[PDB]
Protein chains: 2
Amino acid sequence: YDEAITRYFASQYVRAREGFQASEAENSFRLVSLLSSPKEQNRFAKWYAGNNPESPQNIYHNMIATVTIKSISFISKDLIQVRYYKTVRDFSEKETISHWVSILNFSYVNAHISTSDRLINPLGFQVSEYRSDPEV
Amino acid sequence: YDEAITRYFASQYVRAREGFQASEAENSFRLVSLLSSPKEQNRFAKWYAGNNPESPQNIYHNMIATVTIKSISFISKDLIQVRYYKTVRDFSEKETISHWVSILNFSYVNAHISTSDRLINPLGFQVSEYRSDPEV
């Protein structure tokens, strides 16, 4: 597939996973899930669970966190690197900014998506491994 | 290009154009614009302008309108039909529902998108003509 469409879905993946807005949680959750493999979907879920202090639900409770993409490059054929910053906003409107890099291991599966899940994942994009750490 | 990716962008187009949420307006505006031709972008803009009673900004002021896709089919090679319903919500949470069909005339241009506009429009999807009317 085209590099452009691959960048497009990595950007989506990271914007959805690494940002947060109460009104969009259900949607951002289904989308990260659909674009993650069975075994990555499950790691993501344990991390997102409402009982987990490190879940966006919690650390951005009553806040909005918005990812802005800085860059997308490929370390290898199946290994993408997304550098972005998060802009976190609260009741006072006081914006905090931080910078981050995520590595994604990805592929495209010719699995079966229903017609309506294909409007979220048209080509079986699948992140098998993922991390996010802050920058220098 | 693949039918699946074409359905994907028509669904996006209609969800963004035909729904409304104050927090997402700027984003929904850039996205419809990027996926519309110069001459369609301009019709959309006159329609969306804050001074226009029929603009979503206005008719959904203080509301959230959410499009749910019912179906996407092709009347011809360049002519797509998107049947959807809108779920409109207000201060009281009282949901009104209506049903609609949109026709889109579309193509893919090998024009120049900047690297960052390509994260919204990776393949130069372009709606040249558009309408929306209610159903039976």
# chains A, B, ... in the order shown; residues from 1 in each chain; ligands from 1
$ residues_around --residues "residue 129 in chain B" --least-positions-apart "4" --cutoff "7 Å" --atoms "only C-alpha atoms" --output "list in words"
residues 40, 104 and 105 of chain B
$ residues_around --residues "residue 5 in chain A" --least-positions-apart "5" --cutoff "10 Å" --atoms "only C-alpha atoms" --output "list in words"
residues 10, 11 and 123 of chain A; 5, 118, 119, 121, 122 and 123 of chain B
$ write_last_selection --atoms "C-alpha atoms" --output "CSV table (one decimal), in the first residue's frame"
chain,number,residue,atom,x,y,z
A,10,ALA,CA,-0.5,5.9,12.1
A,11,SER,CA,-1.4,9.6,12.7
A,123,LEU,CA,-7.7,-2.0,4.9
B,5,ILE,CA,-11.1,3.5,0.8
B,118,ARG,CA,-2.1,14.7,3.5
B,119,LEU,CA,-2.8,13.5,7.0
B,121,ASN,CA,-6.5,14.1,2.6
B,122,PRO,CA,-3.9,11.4,1.7
B,123,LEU,CA,-5.1,10.7,-1.8
$ select_by_dssp --residues "chain A" --states "strand (DSSP E or B)" --output "ChimeraX atom specification"
/A:20,36,64-76,79-89,96-108,125-134
$ calpha_fit_and_write --fixed "chain B" --moving "chain A" --output "compact mmCIF listing (two decimals) with N, CA and C atoms, in the first residue's frame"
# COMPACT_ATOMS: atom_id res chain seq x y z
N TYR A 1 -8.63 3.31 -7.43
CA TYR A 1 -8.49 2.99 -5.98
C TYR A 1 -9.57 2.03 -5.50
N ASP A 2 -9.35 1.48 -4.31
CA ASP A 2 -10.22 0.51 -3.70
C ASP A 2 -11.56 1.13 -3.33
N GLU A 3 -12.63 0.42 -3.61
CA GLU A 3 -13.94 0.77 -3.08
C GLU A 3 -13.94 1.03 -1.59
N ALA A 4 -13.21 0.24 -0.81
CA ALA A 4 -13.29 0.39 0.63
C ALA A 4 -12.78 1.76 1.06
N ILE A 5 -11.69 2.22 0.45
CA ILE A 5 -11.14 3.50 0.85
C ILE A 5 -12.03 4.64 0.33
N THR A 6 -12.74 4.38 -0.75
CA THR A 6 -13.63 5.39 -1.25
C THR A 6 -14.87 5.54 -0.36
N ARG A 7 -15.37 4.44 0.15
CA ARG A 7 -16.50 4.48 1.08
C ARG A 7 -16.09 5.21 2.33
N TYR A 8 -14.90 4.88 2.80
CA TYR A 8 -14.32 5.46 3.99
C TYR A 8 -14.37 7.00 3.90
N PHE A 9 -13.88 7.58 2.80
CA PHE A 9 -13.87 9.04 2.70
C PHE A 9 -15.25 9.66 2.46
N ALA A 10 -16.14 8.99 1.75
CA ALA A 10 -17.47 9.53 1.64
C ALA A 10 -18.12 9.56 3.02
N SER A 11 -17.98 8.49 3.80
CA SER A 11 -18.56 8.47 5.15
C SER A 11 -18.03 9.62 5.98
N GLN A 12 -16.72 9.84 5.92
CA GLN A 12 -16.11 10.99 6.57
C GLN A 12 -16.66 12.31 6.15
N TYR A 13 -16.74 12.48 4.85
CA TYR A 13 -17.25 13.70 4.28
C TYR A 13 -18.63 14.00 4.86
N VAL A 14 -19.54 13.04 4.78
CA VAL A 14 -20.91 13.31 5.20
C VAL A 14 -21.01 13.48 6.72
N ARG A 15 -20.30 12.66 7.50
CA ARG A 15 -20.31 12.80 8.97
C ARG A 15 -19.83 14.20 9.39
N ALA A 16 -18.80 14.70 8.71
CA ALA A 16 -18.22 15.99 9.06
C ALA A 16 -19.11 17.16 8.63
N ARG A 17 -19.64 17.06 7.42
CA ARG A 17 -20.44 18.14 6.85
C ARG A 17 -21.83 18.25 7.47
N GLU A 18 -22.44 17.11 7.77
CA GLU A 18 -23.85 17.06 8.12
C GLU A 18 -24.09 17.00 9.62
N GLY A 19 -23.04 16.76 10.40
CA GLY A 19 -23.12 16.85 11.85
C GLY A 19 -22.52 18.12 12.44
N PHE A 20 -22.65 18.25 13.74
CA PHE A 20 -22.15 19.44 14.37
C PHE A 20 -21.88 19.24 15.85
N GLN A 21 -20.72 19.71 16.31
CA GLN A 21 -20.38 19.87 17.72
C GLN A 21 -19.40 21.05 17.87
N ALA A 22 -19.81 22.14 18.51
CA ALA A 22 -18.95 23.31 18.73
C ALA A 22 -17.44 22.99 18.85
N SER A 23 -17.08 22.08 19.75
CA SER A 23 -15.66 21.75 19.95
C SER A 23 -14.93 21.22 18.69
N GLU A 24 -15.66 20.72 17.69
CA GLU A 24 -15.09 20.07 16.50
C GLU A 24 -15.25 20.86 15.19
N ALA A 25 -15.84 22.04 15.27
CA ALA A 25 -16.18 22.86 14.10
C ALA A 25 -14.98 23.20 13.23
N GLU A 26 -13.91 23.70 13.86
CA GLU A 26 -12.72 24.11 13.14
C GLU A 26 -12.19 22.91 12.34
N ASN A 27 -12.08 21.77 13.02
CA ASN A 27 -11.65 20.51 12.41
C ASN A 27 -12.56 19.98 11.31
N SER A 28 -13.84 19.88 11.60
CA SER A 28 -14.80 19.48 10.58
C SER A 28 -14.81 20.43 9.38
N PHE A 29 -14.59 21.72 9.64
CA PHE A 29 -14.51 22.66 8.53
C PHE A 29 -13.30 22.40 7.64
N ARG A 30 -12.09 22.22 8.23
CA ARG A 30 -10.86 22.05 7.41
C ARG A 30 -11.00 20.77 6.56
N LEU A 31 -11.54 19.72 7.16
CA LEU A 31 -11.71 18.42 6.53
C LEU A 31 -12.73 18.44 5.38
N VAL A 32 -13.91 19.01 5.57
CA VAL A 32 -14.79 19.11 4.41
C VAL A 32 -14.13 19.91 3.29
N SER A 33 -13.44 20.98 3.67
CA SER A 33 -12.80 21.87 2.70
C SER A 33 -11.72 21.18 1.88
N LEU A 34 -10.84 20.48 2.58
CA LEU A 34 -9.80 19.74 1.91
C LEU A 34 -10.37 18.65 0.99
N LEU A 35 -11.49 18.04 1.35
CA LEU A 35 -12.07 16.98 0.51
C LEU A 35 -13.08 17.48 -0.54
N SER A 36 -13.16 18.80 -0.70
CA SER A 36 -14.05 19.47 -1.66
C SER A 36 -13.24 20.22 -2.71
N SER A 37 -13.74 20.30 -3.93
CA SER A 37 -13.03 21.03 -4.99
C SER A 37 -13.10 22.53 -4.73
N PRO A 38 -12.18 23.32 -5.32
CA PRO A 38 -12.30 24.78 -5.22
C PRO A 38 -13.76 25.32 -5.32
N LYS A 39 -14.50 24.96 -6.36
CA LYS A 39 -15.84 25.53 -6.56
C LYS A 39 -16.87 24.94 -5.56
N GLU A 40 -16.66 23.71 -5.07
CA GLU A 40 -17.57 23.13 -4.01
C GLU A 40 -17.22 23.62 -2.62
N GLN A 41 -15.94 23.86 -2.40
CA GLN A 41 -15.45 24.38 -1.14
C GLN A 41 -16.14 25.71 -0.90
N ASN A 42 -16.30 26.48 -1.96
CA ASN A 42 -16.88 27.81 -1.82
C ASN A 42 -18.39 27.82 -1.55
N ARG A 43 -19.11 26.90 -2.18
CA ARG A 43 -20.53 26.73 -1.87
C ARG A 43 -20.73 26.33 -0.40
N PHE A 44 -19.96 25.32 0.03
CA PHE A 44 -19.94 24.85 1.44
C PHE A 44 -19.68 26.00 2.39
N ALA A 45 -18.67 26.80 2.08
CA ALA A 45 -18.35 27.96 2.93
C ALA A 45 -19.50 28.99 3.02
N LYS A 46 -20.14 29.36 1.90
CA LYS A 46 -21.20 30.35 1.98
C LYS A 46 -22.28 29.72 2.88
N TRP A 47 -22.46 28.41 2.79
CA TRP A 47 -23.51 27.74 3.56
C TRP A 47 -23.15 27.67 5.05
N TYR A 48 -21.88 27.45 5.36
CA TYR A 48 -21.43 27.32 6.77
C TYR A 48 -21.24 28.68 7.49
N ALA A 49 -21.15 29.77 6.74
CA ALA A 49 -20.83 31.06 7.33
C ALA A 49 -21.75 31.39 8.51
N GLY A 50 -21.13 31.78 9.64
CA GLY A 50 -21.84 32.21 10.86
C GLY A 50 -23.06 33.14 10.73
N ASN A 51 -23.15 33.89 9.63
CA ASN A 51 -24.31 34.74 9.38
C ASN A 51 -25.47 34.08 8.67
N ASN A 52 -25.36 32.79 8.40
CA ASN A 52 -26.35 32.11 7.59
C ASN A 52 -27.23 31.24 8.49
N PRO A 53 -28.52 31.60 8.62
CA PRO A 53 -29.49 30.83 9.43
C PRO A 53 -29.50 29.32 9.20
N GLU A 54 -29.15 28.85 8.00
CA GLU A 54 -29.16 27.41 7.66
C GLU A 54 -27.81 26.70 7.92
N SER A 55 -26.85 27.41 8.51
CA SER A 55 -25.57 26.83 8.86
C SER A 55 -25.66 25.95 10.09
N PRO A 56 -24.94 24.82 10.11
CA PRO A 56 -24.97 24.00 11.31
C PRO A 56 -24.60 24.76 12.59
N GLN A 57 -23.62 25.65 12.50
CA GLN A 57 -23.25 26.50 13.64
C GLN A 57 -24.48 27.05 14.36
N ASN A 58 -25.44 27.50 13.55
CA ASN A 58 -26.63 28.12 14.00
C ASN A 58 -27.77 27.15 14.34
N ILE A 59 -28.18 26.30 13.39
CA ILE A 59 -29.33 25.43 13.65
C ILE A 59 -29.03 24.39 14.70
N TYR A 60 -27.74 24.09 14.91
CA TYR A 60 -27.30 23.23 16.02
C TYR A 60 -26.50 23.98 17.08
N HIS A 61 -26.76 25.28 17.19
CA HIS A 61 -26.15 26.05 18.24
C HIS A 61 -26.59 25.42 19.55
N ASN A 62 -25.61 25.06 20.38
CA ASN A 62 -25.87 24.63 21.74
C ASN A 62 -26.45 23.22 21.76
N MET A 63 -26.13 22.49 20.70
CA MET A 63 -26.66 21.16 20.49
C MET A 63 -25.52 20.27 20.00
N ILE A 64 -25.75 18.98 19.96
CA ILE A 64 -24.84 18.13 19.24
C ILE A 64 -25.68 17.31 18.27
N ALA A 65 -25.24 17.32 17.01
CA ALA A 65 -25.85 16.54 15.94
C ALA A 65 -24.83 15.50 15.50
N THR A 66 -25.23 14.23 15.48
CA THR A 66 -24.34 13.15 15.15
C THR A 66 -24.94 12.37 14.02
N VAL A 67 -24.18 12.19 12.97
CA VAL A 67 -24.60 11.39 11.84
C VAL A 67 -24.29 9.92 12.13
N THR A 68 -25.26 9.05 11.87
CA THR A 68 -25.02 7.61 11.84
C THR A 68 -25.23 7.12 10.40
N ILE A 69 -24.22 6.49 9.83
CA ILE A 69 -24.38 5.99 8.46
C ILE A 69 -25.27 4.74 8.38
N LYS A 70 -26.28 4.80 7.52
CA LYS A 70 -27.12 3.64 7.17
C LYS A 70 -26.51 2.86 5.99
N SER A 71 -26.12 3.55 4.92
CA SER A 71 -25.56 2.85 3.77
C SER A 71 -24.78 3.77 2.84
N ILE A 72 -23.86 3.17 2.10
CA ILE A 72 -23.11 3.81 1.03
C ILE A 72 -23.19 2.92 -0.24
N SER A 73 -23.77 3.44 -1.31
CA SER A 73 -23.80 2.77 -2.60
C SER A 73 -23.44 3.74 -3.78
N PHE A 74 -23.09 3.16 -4.92
CA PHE A 74 -22.66 3.93 -6.06
C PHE A 74 -23.77 3.89 -7.06
N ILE A 75 -24.23 5.06 -7.49
CA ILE A 75 -25.16 5.15 -8.59
C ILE A 75 -24.39 4.95 -9.91
N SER A 76 -23.20 5.54 -9.98
CA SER A 76 -22.29 5.34 -11.09
C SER A 76 -20.83 5.38 -10.60
N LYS A 77 -19.89 5.26 -11.54
CA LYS A 77 -18.43 5.29 -11.26
C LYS A 77 -18.00 6.50 -10.45
N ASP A 78 -18.64 7.66 -10.66
CA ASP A 78 -18.22 8.90 -9.97
C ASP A 78 -19.31 9.52 -9.08
N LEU A 79 -20.32 8.72 -8.71
CA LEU A 79 -21.55 9.22 -8.10
C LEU A 79 -22.04 8.30 -6.96
N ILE A 80 -21.83 8.76 -5.73
CA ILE A 80 -22.04 7.97 -4.51
C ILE A 80 -23.26 8.45 -3.77
N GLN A 81 -23.95 7.53 -3.10
CA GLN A 81 -25.17 7.84 -2.37
C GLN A 81 -25.07 7.36 -0.93
N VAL A 82 -25.20 8.30 0.01
CA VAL A 82 -24.98 8.04 1.43
C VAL A 82 -26.26 8.30 2.17
N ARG A 83 -26.88 7.24 2.68
CA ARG A 83 -28.13 7.36 3.46
C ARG A 83 -27.75 7.28 4.92
N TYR A 84 -28.24 8.22 5.72
CA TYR A 84 -27.82 8.33 7.11
C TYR A 84 -28.95 8.94 7.92
N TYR A 85 -28.86 8.84 9.23
CA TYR A 85 -29.75 9.58 10.07
C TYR A 85 -28.91 10.42 10.99
N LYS A 86 -29.51 11.52 11.45
CA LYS A 86 -28.88 12.51 12.31
C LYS A 86 -29.55 12.32 13.64
N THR A 87 -28.78 12.34 14.72
CA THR A 87 -29.33 12.27 16.07
C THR A 87 -28.91 13.57 16.73
N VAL A 88 -29.89 14.44 17.00
CA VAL A 88 -29.65 15.79 17.52
C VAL A 88 -30.00 15.85 19.00
N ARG A 89 -29.09 16.35 19.81
CA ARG A 89 -29.26 16.35 21.25
C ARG A 89 -29.12 17.77 21.81
N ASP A 90 -29.90 18.08 22.85
CA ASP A 90 -29.92 19.41 23.44
C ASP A 90 -29.67 19.39 24.95
N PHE A 91 -29.70 20.56 25.59
CA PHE A 91 -29.52 20.71 27.04
C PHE A 91 -30.27 19.63 27.86
N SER A 92 -31.48 19.24 27.43
CA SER A 92 -32.35 18.32 28.18
C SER A 92 -32.01 16.87 27.92
N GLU A 93 -31.07 16.65 26.99
CA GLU A 93 -30.74 15.33 26.45
C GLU A 93 -31.82 14.73 25.53
N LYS A 94 -32.91 15.45 25.21
CA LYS A 94 -34.01 14.88 24.38
C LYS A 94 -33.59 14.76 22.92
N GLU A 95 -33.35 13.51 22.50
CA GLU A 95 -32.88 13.17 21.17
C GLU A 95 -33.99 13.26 20.12
N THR A 96 -33.78 14.08 19.11
CA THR A 96 -34.59 14.07 17.90
C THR A 96 -33.81 13.32 16.85
N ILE A 97 -34.52 12.57 16.01
CA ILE A 97 -33.90 11.77 14.95
C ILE A 97 -34.55 12.10 13.64
N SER A 98 -33.74 12.29 12.61
CA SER A 98 -34.23 12.39 11.24
C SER A 98 -33.34 11.64 10.27
N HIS A 99 -33.91 11.36 9.10
CA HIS A 99 -33.31 10.52 8.08
C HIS A 99 -33.08 11.30 6.80
N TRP A 100 -31.98 10.98 6.12
CA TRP A 100 -31.46 11.78 5.00
C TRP A 100 -30.66 10.98 3.99
N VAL A 101 -30.55 11.52 2.78
CA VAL A 101 -29.73 10.92 1.73
C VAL A 101 -28.88 12.04 1.11
N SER A 102 -27.59 11.79 0.91
CA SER A 102 -26.70 12.72 0.21
C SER A 102 -26.10 12.09 -1.05
N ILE A 103 -26.09 12.85 -2.15
CA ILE A 103 -25.45 12.41 -3.39
C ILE A 103 -24.13 13.18 -3.49
N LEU A 104 -23.05 12.50 -3.86
CA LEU A 104 -21.72 13.11 -4.01
C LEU A 104 -21.13 12.80 -5.35
N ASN A 105 -20.68 13.82 -6.06
CA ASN A 105 -19.91 13.64 -7.28
C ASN A 105 -18.43 13.72 -6.88
N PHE A 106 -17.64 12.69 -7.17
CA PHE A 106 -16.29 12.64 -6.63
C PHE A 106 -15.27 12.12 -7.62
N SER A 107 -14.01 12.44 -7.33
CA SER A 107 -12.86 12.02 -8.14
C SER A 107 -11.63 12.01 -7.23
N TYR A 108 -10.49 11.58 -7.74
CA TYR A 108 -9.20 11.72 -7.03
C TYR A 108 -8.19 12.53 -7.89
N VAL A 109 -7.77 13.69 -7.41
CA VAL A 109 -6.80 14.52 -8.14
C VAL A 109 -5.37 14.24 -7.66
N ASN A 110 -4.42 14.22 -8.60
CA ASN A 110 -3.00 14.09 -8.27
C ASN A 110 -2.51 15.52 -8.19
N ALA A 111 -3.16 16.33 -7.37
CA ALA A 111 -2.72 17.70 -7.10
C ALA A 111 -1.63 17.61 -6.01
N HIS A 112 -1.13 18.75 -5.53
CA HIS A 112 -0.12 18.79 -4.48
C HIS A 112 -0.79 19.13 -3.14
N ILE A 113 -0.85 18.16 -2.23
CA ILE A 113 -1.16 18.44 -0.82
C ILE A 113 0.18 18.52 -0.06
N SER A 114 0.33 19.51 0.82
CA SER A 114 1.45 19.52 1.77
C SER A 114 1.46 18.23 2.57
N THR A 115 2.61 17.90 3.16
CA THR A 115 2.75 16.69 4.02
C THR A 115 1.66 16.66 5.10
N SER A 116 1.36 17.80 5.74
CA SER A 116 0.41 17.79 6.86
C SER A 116 -1.07 17.82 6.45
N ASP A 117 -1.37 18.40 5.29
CA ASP A 117 -2.72 18.30 4.75
C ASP A 117 -3.02 16.89 4.27
N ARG A 118 -1.99 16.14 3.88
CA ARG A 118 -2.14 14.73 3.50
C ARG A 118 -2.53 13.81 4.69
N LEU A 119 -2.27 14.22 5.92
CA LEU A 119 -2.82 13.48 7.05
C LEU A 119 -4.35 13.66 7.20
N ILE A 120 -4.93 14.66 6.53
CA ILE A 120 -6.37 14.76 6.38
C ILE A 120 -6.80 14.22 5.03
N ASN A 121 -6.07 14.52 3.96
CA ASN A 121 -6.47 14.05 2.62
C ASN A 121 -5.33 13.36 1.86
N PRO A 122 -5.09 12.09 2.18
CA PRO A 122 -3.88 11.43 1.69
C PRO A 122 -3.85 11.17 0.18
N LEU A 123 -5.02 11.12 -0.45
CA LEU A 123 -5.13 10.71 -1.84
C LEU A 123 -5.88 11.73 -2.73
N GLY A 124 -6.03 12.96 -2.28
CA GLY A 124 -6.68 13.95 -3.11
C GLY A 124 -8.12 13.57 -3.46
N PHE A 125 -8.86 13.08 -2.47
CA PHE A 125 -10.30 12.88 -2.63
C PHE A 125 -10.92 14.27 -2.75
N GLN A 126 -11.91 14.38 -3.64
CA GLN A 126 -12.47 15.67 -4.06
C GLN A 126 -13.91 15.49 -4.44
N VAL A 127 -14.78 16.09 -3.64
CA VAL A 127 -16.20 16.15 -3.93
C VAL A 127 -16.46 17.41 -4.75
N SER A 128 -16.88 17.22 -6.00
CA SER A 128 -17.16 18.33 -6.94
C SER A 128 -18.60 18.81 -6.87
N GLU A 129 -19.53 17.92 -6.53
CA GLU A 129 -20.94 18.30 -6.37
C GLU A 129 -21.53 17.57 -5.19
N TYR A 130 -22.51 18.19 -4.54
CA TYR A 130 -23.06 17.62 -3.32
C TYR A 130 -24.43 18.13 -3.03
N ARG A 131 -25.32 17.26 -2.57
CA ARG A 131 -26.58 17.71 -1.98
C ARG A 131 -27.01 16.80 -0.82
N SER A 132 -27.99 17.26 -0.05
CA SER A 132 -28.56 16.48 1.03
C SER A 132 -30.06 16.79 1.16
N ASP A 133 -30.90 15.78 1.12
CA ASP A 133 -32.35 16.00 1.26
C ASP A 133 -32.90 14.93 2.19
N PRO A 134 -34.03 15.21 2.85
CA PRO A 134 -34.58 14.21 3.79
C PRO A 134 -35.17 13.03 3.04
N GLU A 135 -35.48 11.93 3.74
CA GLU A 135 -36.04 10.71 3.12
C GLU A 135 -37.57 10.60 3.24
N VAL A 136 -38.14 9.57 2.63
CA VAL A 136 -39.60 9.33 2.64
C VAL A 136 -40.24 9.39 4.04
$ select_by_dssp --residues "range 25-60 of chain B" --states "alpha helix (DSSP H)" --output "ChimeraX atom specification"
/B:25-34,38-48,56-59
$ write_last_selection --atoms "C-alpha atoms" --output "CSV table (one decimal), in the first residue's frame"
chain,number,residue,atom,x,y,z
B,25,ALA,CA,-16.2,22.9,14.1
B,26,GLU,CA,-12.7,24.1,13.1
B,27,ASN,CA,-11.6,20.5,12.4
B,28,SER,CA,-14.8,19.5,10.6
B,29,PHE,CA,-14.5,22.7,8.5
B,30,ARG,CA,-10.9,22.1,7.4
B,31,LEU,CA,-11.7,18.4,6.5
B,32,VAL,CA,-14.8,19.1,4.4
B,33,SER,CA,-12.8,21.9,2.7
B,34,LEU,CA,-9.8,19.7,1.9
B,38,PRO,CA,-12.3,24.8,-5.2
B,39,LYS,CA,-15.8,25.5,-6.6
B,40,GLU,CA,-17.6,23.1,-4.0
B,41,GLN,CA,-15.5,24.4,-1.1
B,42,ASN,CA,-16.9,27.8,-1.8
B,43,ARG,CA,-20.5,26.7,-1.9
B,44,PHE,CA,-19.9,24.9,1.4
B,45,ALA,CA,-18.3,28.0,2.9
B,46,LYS,CA,-21.2,30.3,2.0
B,47,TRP,CA,-23.5,27.7,3.6
B,48,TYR,CA,-21.4,27.3,6.8
B,56,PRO,CA,-25.0,24.0,11.3
B,57,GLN,CA,-23.3,26.5,13.6
B,58,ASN,CA,-26.6,28.1,14.0
B,59,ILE,CA,-29.3,25.4,13.6
